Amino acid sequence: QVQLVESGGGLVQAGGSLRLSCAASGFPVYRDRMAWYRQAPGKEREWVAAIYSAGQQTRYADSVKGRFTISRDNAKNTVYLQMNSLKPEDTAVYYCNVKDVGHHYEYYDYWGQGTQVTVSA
């Protein structure tokens, strides 16, 4: 029932910009936490950004602070990652992520399929 679909991405030159989208079905985008992660070739998947319903609304990994902005649209049940001043190190597959709790207090990590983002030197 819970499903995340990433769209956007592709190839961009260094210094360009992109907007990734995460369409959510089965749950409202207005919730505790929605996150973006990225996995570069041969590397561990790492947290990139998150938007929160309580406290500081947005948080960002150090390497993207000041260059990425996360936001949500409730009418379209979508979360966006706007990526400016892209650099080759930003090349990765990007995923959106939520953490849900179930009836027996299980904690399940939900991921999308990922979208490829390539930034050429």
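Heads up: residue numbers just count along the shown sequence, starting at 1.
Of the two segments examined, 102-110 and 5-13, it is 102-110 that shows the higher average Cα temperature factor in the deposited entry. For the pair 60-68 and 38-46, the mean B factor over Cα atoms is greater in 38-46.
In the PDB entry, the Cα temperature factor peaks, among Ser53, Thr91, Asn77, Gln82, at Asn77.
The entry lists a Cα temperature factor for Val119 that places it in the middle third of the chain's modelled residues.
Among the modelled residues of its chain, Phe27 has a C-alpha B-factor that falls in the highest third according to the deposited record.
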